[PDB]
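Enquirer: Can you read through this structure? Questions will come right after.
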Amino acid sequence: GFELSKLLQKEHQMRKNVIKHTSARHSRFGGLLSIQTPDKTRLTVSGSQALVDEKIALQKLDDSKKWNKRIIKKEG
Amino acid sequence: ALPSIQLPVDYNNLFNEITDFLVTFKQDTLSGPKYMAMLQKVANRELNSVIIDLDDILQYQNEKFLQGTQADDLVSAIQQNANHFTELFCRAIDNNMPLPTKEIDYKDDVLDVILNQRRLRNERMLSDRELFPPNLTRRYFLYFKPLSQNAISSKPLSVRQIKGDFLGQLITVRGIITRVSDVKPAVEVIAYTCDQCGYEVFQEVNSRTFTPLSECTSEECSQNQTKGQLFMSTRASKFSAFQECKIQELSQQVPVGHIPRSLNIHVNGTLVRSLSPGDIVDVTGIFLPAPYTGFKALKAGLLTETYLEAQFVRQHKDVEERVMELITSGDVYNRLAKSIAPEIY
Amino acid sequence: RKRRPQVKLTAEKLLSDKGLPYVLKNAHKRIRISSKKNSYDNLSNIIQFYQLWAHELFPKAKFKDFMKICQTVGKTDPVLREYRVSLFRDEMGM
DNA sequence: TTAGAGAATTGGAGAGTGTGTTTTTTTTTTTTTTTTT
DNA sequence: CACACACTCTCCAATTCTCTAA
Ligand SMILES: [Zn+2]
């Protein structure tokens, strides 16, 4: 039970970090950010979490990219 | 398949007659140019619709015929096919609209920012060591007002007199408004943001339904072969107020043993909520087919449904002193009573 | 006729003006390290500059992917080697 | 040991094929049962 | 009917694997 408790406190700390990354309002609430960048030009990113956290905005701007480099991976 | 024919119309002439009309025309016979002064109210944002009186274009053609220069019968074009001329008058207005003279407080509007960022991005790209659909920036609604009797837009029709031969024409229809929709936004121009290239693209809608874009096609997205994703933004879309109404013919007009027929009226833009149920009204409007779209268009066949785009509306039907003008006659109680239902003795 | 050829990193893009020369000009100004910040914020200040510049050069690809691609191209291209040794030869010359 | 040329396998463009979609539904008459007429 | 979506087929070139000489 102590072993179960310690593990539930680690999963609670992980879910606390997920909750700190999650929307404080609903999925459709729709707020939209524009990021000014050098060469005085714009990008755009959706979601209320991105408005306040510059690091989340740039992480989201990379997450949305639809390319992936092909990986390479490896008897009786 | 697609043959072609010699019609006695040239929209390059008539576009020149329309722009020549707008800049020149003044009703100085009422004693600067009427539509220029009107457009100044539009450019200052003090006005949101342009009413074109067809009865003016007669005075234009009359003055030009009196000057011996044969103006190209323009009223007989715009009664006979009104729909296309809503496009020509908007092009002729935009080419002539004056710069604002009052301050707008410009940066309160979204499109002033979006289109400026789009301007600057094109300069900073094109340094390299239409621009967008014009309907997006039209802050005004155009309407024609028909001929008064002084010709087919003059004679008001019962709903059954509106034969299929009238489609495309400017007509006037007489009846009761029998029911009215709540006002809903129709789209006209849909703005999308690309997530990756950060670039705005516009779809223009001219049908009961449309298909969304989803995949980016900006120069800098396709040049970088980046499969950018498009998301719709209502903040930068252009909507118009849309309200659908139904009109029925008057009991005097229905021939003996028939049933009162009806038309759908579509009212768009500033003309909205000018109609109320139980009004007896003359609506002048552009009679049109509403084409079925998608699968229903195949199975419905050639049998087009139909509607009327409203253009202008004619309803069929001193205070503080007039109460003293009663009181100072005297005996008000007995005279007011005798004045309830005077036909009953 | 063909399918369109894939856009791909190469020195003719990577050496070009907004490119490695843009890094050499702007980065020493825009990237700031201090013990007055936590290490995770210092790492983020470094990574911002390179993430925005990699997005400007090759928006197709993610940042880790762009790093794997740069490793393969700098390993293979003789003109890219010649450019890099030329940068170091300037600093040795001074 | 590095680096560069030639051989094999995988990704995905894009061409091709195949399927589903309109759509409603109250109204008006006729009947048979409960009960409130 | 015809026009979008769902799903399979096929070819082509892009990348990585493997061998050779500098
Ligand atoms: Zn894009």
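Chain labels follow the order of the structure tokens: the first chain is A, the next B, and so on; residue numbering restarts at 1 in every chain, and ligands are counted from 1 in their shown order.
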Could I get the residues of chain B with an atom no further than 7 Å from an atom of ligand 1, each paired with its nearest atom pair and that distance in Å to one decimal, using only C-alpha atoms and all ligand atoms, sorted by chain and residue number, as CSV?
Expert:
```
residue,atom,partner,partner_atom_place_in_ligand_line,distance
B:194,CA,ligand 1,1 (Zn),4.3
B:195,CA,ligand 1,1 (Zn),6.4
B:196,CA,ligand 1,1 (Zn),5.4
B:197,CA,ligand 1,1 (Zn),3.9
B:198,CA,ligand 1,1 (Zn),6.1
B:199,CA,ligand 1,1 (Zn),5.8
B:216,CA,ligand 1,1 (Zn),4.5
B:217,CA,ligand 1,1 (Zn),6.3
B:218,CA,ligand 1,1 (Zn),5.5
B:221,CA,ligand 1,1 (Zn),4.4
B:228,CA,ligand 1,1 (Zn),4.2
B:229,CA,ligand 1,1 (Zn),6.4
```
Enquirer: For a quick test of understanding: name the residues of chain A lying within 9 Å of chain C when counting only C-alpha atoms, and present them as a list in words.
Expert: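 Residues satisfying the distance criterion: residues 37, 38, 55, 58, 62, 63, 65, 66, 67, 68 and 69 of chain A.
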Enquirer: Just the selected residues (C-alpha atoms), exported as a PDB file, in the first residue's frame, please.
Expert:
```pdb
ATOM      1  CA  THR A  37       9.590  37.282 -35.603  1.00  0.00           C
ATOM      2  CA  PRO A  38      12.819  38.843 -36.973  1.00  0.00           C
ATOM      3  CA  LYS A  55       7.907  28.197 -25.129  1.00  0.00           C
ATOM      4  CA  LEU A  58       7.144  27.416 -30.373  1.00  0.00           C
ATOM      5  CA  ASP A  62       6.934  22.474 -34.363  1.00  0.00           C
ATOM      6  CA  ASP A  63       4.357  19.819 -33.278  1.00  0.00           C
ATOM      7  CA  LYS A  65       4.570  19.953 -39.000  1.00  0.00           C
ATOM      8  CA  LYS A  66       3.272  17.141 -41.225  1.00  0.00           C
ATOM      9  CA  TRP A  67       6.724  15.863 -42.287  1.00  0.00           C
ATOM     10  CA  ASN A  68       8.631  13.116 -40.473  1.00  0.00           C
ATOM     11  CA  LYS A  69      12.166  11.977 -41.444  1.00  0.00           C
TER      12      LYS A  69
END
```
Enquirer: Could you check how far CA of residue 91 (chain C) sits from CA of residue 25 (chain C), in Å to one decimal?
Expert: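 Between these atoms lies a distance of 15.0 Å.
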Enquirer: Residues of chain B were defined as contacting chain C if any atom lay at most 7 Å from it, counting only C-alpha atoms; please report them as a PyMOL selection string.
Expert: chain B and resi 224-226
Enquirer: Using only C-alpha atoms (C1' of nucleotides), find the residues of chain E whose closest atom to chain B is at most 10 Å away, then write them as a list in words.
Expert: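 Close to chain B, chain E has residues 1, 2, 3 and 4 of chain E.
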Enquirer: For the selection you just gave me, I'd like the residues written to a file as a PDB file, in the first residue's frame, keeping N, CA and C atoms (P, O5', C5', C4', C3', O3' and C1' of nucleotides).
Expert:
```pdb
ATOM      1  P    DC E   1     -25.339   6.633 -64.404  1.00  0.00           P
ATOM      2  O5'  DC E   1     -24.368   7.459 -65.411  1.00  0.00           O
ATOM      3  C5'  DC E   1     -23.613   8.593 -64.992  1.00  0.00           C
ATOM      4  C4'  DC E   1     -24.273   9.950 -65.318  1.00  0.00           C
ATOM      5  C3'  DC E   1     -23.489  11.103 -64.665  1.00  0.00           C
ATOM      6  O3'  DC E   1     -22.867  11.866 -65.696  1.00  0.00           O
ATOM      7  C1'  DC E   1     -25.868  11.289 -64.332  1.00  0.00           C
ATOM      8  P    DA E   2     -22.822  13.484 -65.760  1.00  0.00           P
ATOM      9  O5'  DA E   2     -22.304  13.972 -64.305  1.00  0.00           O
ATOM     10  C5'  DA E   2     -22.475  15.303 -63.804  1.00  0.00           C
ATOM     11  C4'  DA E   2     -21.763  15.564 -62.456  1.00  0.00           C
ATOM     12  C3'  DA E   2     -20.280  15.201 -62.514  1.00  0.00           C
ATOM     13  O3'  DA E   2     -19.503  15.934 -61.612  1.00  0.00           O
ATOM     14  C1'  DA E   2     -21.298  13.954 -60.895  1.00  0.00           C
ATOM     15  P    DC E   3     -18.964  17.387 -62.011  1.00  0.00           P
ATOM     16  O5'  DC E   3     -18.493  17.932 -60.562  1.00  0.00           O
ATOM     17  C5'  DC E   3     -19.389  18.129 -59.468  1.00  0.00           C
ATOM     18  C4'  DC E   3     -19.027  17.273 -58.237  1.00  0.00           C
ATOM     19  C3'  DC E   3     -17.523  17.160 -57.984  1.00  0.00           C
ATOM     20  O3'  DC E   3     -17.167  18.253 -57.170  1.00  0.00           O
ATOM     21  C1'  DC E   3     -18.775  15.181 -57.395  1.00  0.00           C
ATOM     22  P    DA E   4     -15.789  18.328 -56.336  1.00  0.00           P
ATOM     23  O5'  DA E   4     -16.280  17.495 -55.042  1.00  0.00           O
ATOM     24  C5'  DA E   4     -15.432  17.183 -53.964  1.00  0.00           C
ATOM     25  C4'  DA E   4     -16.251  16.497 -52.869  1.00  0.00           C
ATOM     26  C3'  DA E   4     -15.344  15.941 -51.790  1.00  0.00           C
ATOM     27  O3'  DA E   4     -16.069  16.036 -50.598  1.00  0.00           O
ATOM     28  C1'  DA E   4     -16.418  14.184 -52.950  1.00  0.00           C
TER      29       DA E   4
END
```
Enquirer: Which of these residues is nearest to chain A, using only C-alpha atoms: B:165, B:72, B:215, B:109?
Expert: B:215
Enquirer: Using only C-alpha atoms (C1' of nucleotides), determine which residues lie at most 12 Å from residue 79 (chain C), disregarding the query and same-chain residues fewer than 6 positions distant; provide the list as an mmCIF file with N, CA and C atoms, in the first residue's frame.
Expert:
```cif
data_model
loop_
_atom_site.group_PDB
_atom_site.id
_atom_site.type_symbol
_atom_site.label_atom_id
_atom_site.label_comp_id
_atom_site.auth_asym_id
_atom_site.auth_seq_id
_atom_site.Cartn_x
_atom_site.Cartn_y
_atom_site.Cartn_z
ATOM 1 N N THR C 10 20.504 21.176 -48.924
ATOM 2 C CA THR C 10 21.726 21.112 -49.715
ATOM 3 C C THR C 10 22.481 22.408 -49.510
ATOM 4 N N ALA C 11 23.791 22.440 -49.754
ATOM 5 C CA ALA C 11 24.554 23.667 -49.596
ATOM 6 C C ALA C 11 23.968 24.823 -50.407
ATOM 7 N N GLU C 12 23.394 24.586 -51.580
ATOM 8 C CA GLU C 12 22.837 25.674 -52.390
ATOM 9 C C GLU C 12 21.673 26.417 -51.714
ATOM 10 N N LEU C 14 21.576 25.900 -47.833
ATOM 11 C CA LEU C 14 22.134 26.026 -46.490
ATOM 12 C C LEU C 14 23.275 27.046 -46.378
ATOM 13 N N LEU C 15 24.083 27.187 -47.424
ATOM 14 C CA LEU C 15 25.112 28.213 -47.560
ATOM 15 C C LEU C 15 24.566 29.573 -48.011
ATOM 16 N N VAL C 73 24.514 16.229 -44.089
ATOM 17 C CA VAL C 73 24.988 17.104 -45.161
ATOM 18 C C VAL C 73 26.384 17.631 -44.861
ATOM 19 N N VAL C 85 35.862 25.197 -42.873
ATOM 20 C CA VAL C 85 37.300 25.389 -42.660
ATOM 21 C C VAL C 85 37.708 26.817 -42.957
ATOM 22 N N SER C 86 37.059 27.463 -43.919
ATOM 23 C CA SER C 86 37.318 28.858 -44.228
ATOM 24 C C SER C 86 36.978 29.791 -43.064
#
```
Enquirer: List the spatial neighbours of region 13-18 of chain E as an NGL selection string - criterion: any atom at most 9 Å away, only C-alpha atoms (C1' of nucleotides), same-chain residues fewer than 2 positions off excluded.
Expert: (:A and (70 or 72)) or (:C and (5-6)) or (:D and (7-11))
Enquirer: Export, as a compact mmCIF listing (two decimals), in the first residue's frame, the selected residues with C-alpha atoms (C1' of nucleotides).
Expert:
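again.txt, written as the output of this step:
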```
# COMPACT_ATOMS: atom_id res chain seq x y z
CA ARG A 70 12.04 8.19 -42.08
CA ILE A 72 15.90 3.11 -39.67
CA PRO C 5 11.02 16.61 -57.07
CA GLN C 6 11.28 16.80 -53.30
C1' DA D 7 23.32 -1.41 -55.65
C1' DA D 8 18.93 -2.32 -53.10
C1' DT D 9 14.75 -1.12 -50.58
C1' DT D 10 11.10 2.05 -48.92
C1' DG D 11 7.82 6.24 -49.24
```
Enquirer: Enumerate, as number ranges by chain, the complete set of residues in region 2-53 of chain B that a backbone-based DSSP assignment places in helix (DSSP H, G or I).
Expert: B: 11-24, 28-30, 34-43
Enquirer: Got time to write the residues from that selection, N, CA, C and O atoms, as an mmCIF file, in the first residue's frame?
Expert:
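File written: again-v5.cif
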```
data_model
loop_
_atom_site.group_PDB
_atom_site.id
_atom_site.type_symbol
_atom_site.label_atom_id
_atom_site.label_comp_id
_atom_site.auth_asym_id
_atom_site.auth_seq_id
_atom_site.Cartn_x
_atom_site.Cartn_y
_atom_site.Cartn_z
ATOM 1 N N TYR B 11 -20.647 44.899 -72.702
ATOM 2 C CA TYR B 11 -20.397 45.330 -71.344
ATOM 3 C C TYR B 11 -19.182 46.239 -71.212
ATOM 4 O O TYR B 11 -19.098 46.967 -70.236
ATOM 5 N N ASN B 12 -18.298 46.327 -72.199
ATOM 6 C CA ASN B 12 -17.241 47.331 -72.195
ATOM 7 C C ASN B 12 -17.786 48.731 -72.479
ATOM 8 O O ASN B 12 -17.355 49.691 -71.848
ATOM 9 N N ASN B 13 -18.761 48.867 -73.382
ATOM 10 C CA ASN B 13 -19.478 50.124 -73.545
ATOM 11 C C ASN B 13 -20.204 50.453 -72.257
ATOM 12 O O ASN B 13 -20.002 51.518 -71.699
ATOM 13 N N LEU B 14 -21.028 49.538 -71.763
ATOM 14 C CA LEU B 14 -21.905 49.840 -70.643
ATOM 15 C C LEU B 14 -21.135 50.066 -69.349
ATOM 16 O O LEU B 14 -21.558 50.888 -68.552
ATOM 17 N N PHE B 15 -19.973 49.452 -69.154
ATOM 18 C CA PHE B 15 -19.116 49.788 -68.028
ATOM 19 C C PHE B 15 -18.603 51.224 -68.124
ATOM 20 O O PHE B 15 -18.643 51.957 -67.142
ATOM 21 N N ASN B 16 -18.222 51.675 -69.321
ATOM 22 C CA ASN B 16 -17.868 53.063 -69.587
ATOM 23 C C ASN B 16 -19.049 54.018 -69.411
ATOM 24 O O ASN B 16 -18.865 55.093 -68.854
ATOM 25 N N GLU B 17 -20.262 53.654 -69.812
ATOM 26 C CA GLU B 17 -21.431 54.494 -69.555
ATOM 27 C C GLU B 17 -21.701 54.609 -68.058
ATOM 28 O O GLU B 17 -22.002 55.696 -67.589
ATOM 29 N N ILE B 18 -21.559 53.526 -67.290
ATOM 30 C CA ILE B 18 -21.827 53.512 -65.848
ATOM 31 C C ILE B 18 -20.817 54.364 -65.106
ATOM 32 O O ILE B 18 -21.202 55.228 -64.326
ATOM 33 N N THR B 19 -19.526 54.210 -65.370
ATOM 34 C CA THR B 19 -18.535 55.062 -64.709
ATOM 35 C C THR B 19 -18.684 56.500 -65.148
ATOM 36 O O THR B 19 -18.626 57.395 -64.322
ATOM 37 N N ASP B 20 -19.000 56.742 -66.411
ATOM 38 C CA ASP B 20 -19.287 58.086 -66.896
ATOM 39 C C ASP B 20 -20.520 58.691 -66.227
ATOM 40 O O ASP B 20 -20.569 59.887 -65.968
ATOM 41 N N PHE B 21 -21.535 57.898 -65.923
ATOM 42 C CA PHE B 21 -22.689 58.313 -65.152
ATOM 43 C C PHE B 21 -22.307 58.633 -63.714
ATOM 44 O O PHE B 21 -22.611 59.719 -63.237
ATOM 45 N N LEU B 22 -21.612 57.755 -63.022
ATOM 46 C CA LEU B 22 -21.374 57.967 -61.608
ATOM 47 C C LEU B 22 -20.600 59.248 -61.364
ATOM 48 O O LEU B 22 -21.032 60.050 -60.551
ATOM 49 N N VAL B 23 -19.520 59.505 -62.093
ATOM 50 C CA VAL B 23 -18.717 60.706 -61.845
ATOM 51 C C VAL B 23 -19.403 61.972 -62.284
ATOM 52 O O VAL B 23 -19.140 63.024 -61.720
ATOM 53 N N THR B 24 -20.240 61.917 -63.306
ATOM 54 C CA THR B 24 -20.808 63.121 -63.916
ATOM 55 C C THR B 24 -22.087 63.602 -63.244
ATOM 56 O O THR B 24 -22.307 64.799 -63.125
ATOM 57 N N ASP B 28 -29.027 68.630 -60.330
ATOM 58 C CA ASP B 28 -29.028 70.090 -60.190
ATOM 59 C C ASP B 28 -30.353 70.738 -60.623
ATOM 60 O O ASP B 28 -30.691 71.826 -60.161
ATOM 61 N N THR B 29 -31.159 70.030 -61.419
ATOM 62 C CA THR B 29 -32.532 70.375 -61.769
ATOM 63 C C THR B 29 -33.488 70.488 -60.565
ATOM 64 O O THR B 29 -34.590 71.019 -60.706
ATOM 65 N N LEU B 30 -33.080 70.030 -59.376
ATOM 66 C CA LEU B 30 -33.784 70.254 -58.116
ATOM 67 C C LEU B 30 -33.762 71.735 -57.677
ATOM 68 O O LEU B 30 -34.577 72.148 -56.851
ATOM 69 N N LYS B 34 -23.874 63.723 -57.483
ATOM 70 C CA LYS B 34 -24.696 63.062 -56.465
ATOM 71 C C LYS B 34 -24.017 61.832 -55.894
ATOM 72 O O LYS B 34 -23.879 61.698 -54.684
ATOM 73 N N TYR B 35 -23.558 60.948 -56.762
ATOM 74 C CA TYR B 35 -22.972 59.699 -56.319
ATOM 75 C C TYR B 35 -21.537 59.863 -55.816
ATOM 76 O O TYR B 35 -21.128 59.121 -54.938
ATOM 77 N N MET B 36 -20.826 60.898 -56.233
ATOM 78 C CA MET B 36 -19.553 61.164 -55.599
ATOM 79 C C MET B 36 -19.757 61.589 -54.164
ATOM 80 O O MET B 36 -19.174 61.012 -53.257
ATOM 81 N N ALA B 37 -20.653 62.529 -53.928
ATOM 82 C CA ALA B 37 -20.984 62.968 -52.581
ATOM 83 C C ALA B 37 -21.471 61.805 -51.713
ATOM 84 O O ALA B 37 -21.053 61.664 -50.570
ATOM 85 N N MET B 38 -22.283 60.912 -52.272
ATOM 86 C CA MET B 38 -22.702 59.691 -51.588
ATOM 87 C C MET B 38 -21.508 58.813 -51.217
ATOM 88 O O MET B 38 -21.355 58.414 -50.067
ATOM 89 N N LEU B 39 -20.610 58.587 -52.162
ATOM 90 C CA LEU B 39 -19.443 57.778 -51.912
ATOM 91 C C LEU B 39 -18.531 58.399 -50.865
ATOM 92 O O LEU B 39 -17.952 57.670 -50.079
ATOM 93 N N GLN B 40 -18.456 59.709 -50.735
ATOM 94 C CA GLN B 40 -17.754 60.315 -49.608
ATOM 95 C C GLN B 40 -18.335 59.880 -48.266
ATOM 96 O O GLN B 40 -17.565 59.617 -47.348
ATOM 97 N N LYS B 41 -19.660 59.759 -48.127
ATOM 98 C CA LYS B 41 -20.281 59.238 -46.904
ATOM 99 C C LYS B 41 -19.893 57.785 -46.681
ATOM 100 O O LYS B 41 -19.607 57.400 -45.554
ATOM 101 N N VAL B 42 -19.772 57.006 -47.742
ATOM 102 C CA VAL B 42 -19.301 55.626 -47.647
ATOM 103 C C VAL B 42 -17.839 55.547 -47.217
ATOM 104 O O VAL B 42 -17.502 54.802 -46.305
ATOM 105 N N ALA B 43 -16.953 56.351 -47.807
ATOM 106 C CA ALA B 43 -15.531 56.371 -47.472
ATOM 107 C C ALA B 43 -15.268 56.867 -46.043
ATOM 108 O O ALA B 43 -14.402 56.348 -45.351
#
```
Enquirer: What is the CA of residue 107 (chain B)-CA of residue 45 (chain B) distance in Å, reported with one decimal?
Expert: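 CA of residue 45 (chain B) lies at a distance of 13.9 Å from CA of residue 107 (chain B).
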Enquirer: Return the single residue from C:94, C:16, C:2, C:88 that is closest to chain D, with distances computed using only C-alpha atoms (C1' of nucleotides).
Expert: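 The answer is C:2, which sits nearest to chain D.
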Enquirer: With only C-alpha atoms (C1' of nucleotides) considered, list every residue of chain D at most 10 Å from chain B, as a tab-separated table (two decimals) with N, CA, C and O atoms (P, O5', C5', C4', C3', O3' and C1' of nucleotides), in the first residue's frame.
Expert:
```tsv
chain	number	residue	atom	x	y	z
D	20	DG	P	-22.63	1.83	-51.15
D	20	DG	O5'	-23.06	3.38	-50.97
D	20	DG	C5'	-22.55	4.15	-49.89
D	20	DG	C4'	-22.90	5.64	-49.91
D	20	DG	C3'	-24.41	5.90	-49.99
D	20	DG	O3'	-24.73	6.88	-49.01
D	20	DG	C1'	-23.24	7.00	-51.76
D	21	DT	P	-26.23	7.00	-48.45
D	21	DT	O5'	-26.63	8.41	-49.10
D	21	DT	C5'	-26.04	9.61	-48.62
D	21	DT	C4'	-26.17	10.74	-49.61
D	21	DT	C3'	-27.61	10.91	-50.08
D	21	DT	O3'	-28.33	11.84	-49.27
D	21	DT	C1'	-25.97	11.10	-51.83
D	22	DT	P	-28.17	13.45	-49.31
D	22	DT	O5'	-29.52	13.73	-50.16
D	22	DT	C5'	-29.67	14.87	-50.96
D	22	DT	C4'	-31.05	14.91	-51.59
D	22	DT	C3'	-32.18	14.86	-50.56
D	22	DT	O3'	-33.10	15.90	-50.84
D	22	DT	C1'	-32.58	13.36	-52.28
```
Enquirer: Restricting the calculation to only C-alpha atoms (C1' of nucleotides), which member of C:1, C:36, C:89, C:29 is positioned closest to chain D?
Expert: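 Ranking C:1, C:36, C:89, C:29 by distance to chain D, first place goes to C:1.
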Enquirer: Which residues are close to region 18-29 of chain A, i.e. within 9 Å by only C-alpha atoms (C1' of nucleotides), leaving aside same-chain residues fewer than 6 positions away? Reply as a list in words.
Expert: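 Returned residues: residues 47, 48, 49 and 56 of chain A.
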Enquirer: Write out as number ranges by chain each polymer residue whose atoms come within 8 Å of residue 55 (chain B), counting only C-alpha atoms (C1' of nucleotides); drop sequence neighbours fewer than 4 positions from it.
Expert: B: 59, 146-148
Enquirer: May I have the residues from that selection written out with N, CA, C and O atoms, as a PDB file, in the first residue's frame?
Expert:
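Saved result, out10.pdb, follows:
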```
ATOM      1  N   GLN B  59     -32.614  60.425 -66.963  1.00  0.00           N
ATOM      2  CA  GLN B  59     -32.162  61.803 -67.092  1.00  0.00           C
ATOM      3  C   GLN B  59     -30.738  61.879 -67.626  1.00  0.00           C
ATOM      4  O   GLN B  59     -30.438  62.780 -68.403  1.00  0.00           O
ATOM      5  N   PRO B 146     -36.437  51.175 -58.699  1.00  0.00           N
ATOM      6  CA  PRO B 146     -36.972  51.045 -60.049  1.00  0.00           C
ATOM      7  C   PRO B 146     -37.531  52.356 -60.587  1.00  0.00           C
ATOM      8  O   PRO B 146     -37.524  53.386 -59.920  1.00  0.00           O
ATOM      9  N   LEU B 147     -38.034  52.330 -61.815  1.00  0.00           N
ATOM     10  CA  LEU B 147     -38.708  53.472 -62.412  1.00  0.00           C
ATOM     11  C   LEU B 147     -40.033  53.759 -61.701  1.00  0.00           C
ATOM     12  O   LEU B 147     -40.880  52.873 -61.598  1.00  0.00           O
ATOM     13  N   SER B 148     -40.263  55.009 -61.300  1.00  0.00           N
ATOM     14  CA  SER B 148     -41.634  55.496 -61.111  1.00  0.00           C
ATOM     15  C   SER B 148     -42.328  55.658 -62.466  1.00  0.00           C
ATOM     16  O   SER B 148     -41.655  55.833 -63.477  1.00  0.00           O
TER      17      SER B 148
END
```
Enquirer: Env of residue 158 (chain B): 12 Å cut, atoms = only C-alpha atoms (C1' of nucleotides), seq-sep filter 4 positions within chain, self excluded. Answer as a list in words.
Expert: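 Here the answer would be residues 162, 163, 171, 172, 173, 174, 175, 176, 247, 248, 249, 250, 251, 252, 253, 254, 255, 260, 261, 262, 263, 281, 282 and 283 of chain B.
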Enquirer: I need the chosen residues saved as a JSON list (two decimals), in the first residue's frame, with C-alpha atoms.
Expert:
```
[["chain", "number", "residue", "atom", "x", "y", "z"],
["B", 162, "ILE", "CA", -44.49, 36.33, -62.49],
["B", 163, "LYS", "CA", -43.98, 33.78, -65.30],
["B", 171, "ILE", "CA", -39.57, 43.31, -61.22],
["B", 172, "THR", "CA", -41.98, 44.77, -58.63],
["B", 173, "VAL", "CA", -44.22, 42.40, -56.69],
["B", 174, "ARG", "CA", -47.35, 43.22, -54.65],
["B", 175, "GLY", "CA", -48.58, 41.10, -51.72],
["B", 176, "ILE", "CA", -48.70, 40.44, -47.98],
["B", 247, "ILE", "CA", -44.89, 36.91, -49.87],
["B", 248, "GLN", "CA", -48.48, 36.00, -50.88],
["B", 249, "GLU", "CA", -50.83, 37.58, -53.38],
["B", 250, "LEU", "CA", -53.74, 39.76, -52.17],
["B", 251, "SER", "CA", -57.36, 38.41, -52.08],
["B", 252, "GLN", "CA", -58.37, 40.90, -54.85],
["B", 253, "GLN", "CA", -55.79, 39.43, -57.27],
["B", 254, "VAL", "CA", -56.60, 35.67, -56.97],
["B", 255, "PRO", "CA", -58.81, 34.54, -59.93],
["B", 260, "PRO", "CA", -53.10, 32.38, -53.17],
["B", 261, "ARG", "CA", -49.59, 31.47, -54.45],
["B", 262, "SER", "CA", -46.33, 32.65, -52.86],
["B", 263, "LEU", "CA", -42.70, 33.62, -53.54],
["B", 281, "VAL", "CA", -46.00, 45.85, -49.54],
["B", 282, "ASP", "CA", -44.49, 46.35, -52.98],
["B", 283, "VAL", "CA", -41.05, 44.70, -53.07]]
```
Enquirer: By how many Å are CA of residue 292 (chain B) and CA of residue 306 (chain B) apart?
Expert: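 About the pair CA of residue 292 (chain B) and CA of residue 306 (chain B): they are 10.3 Å apart.
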Enquirer: So, counting only C-alpha atoms (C1' of nucleotides), which residue among C:23, C:40, C:28, C:72 is closest to chain E?
Expert: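 With only C-alpha atoms (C1' of nucleotides) as the atom set, the closest residue is C:72.
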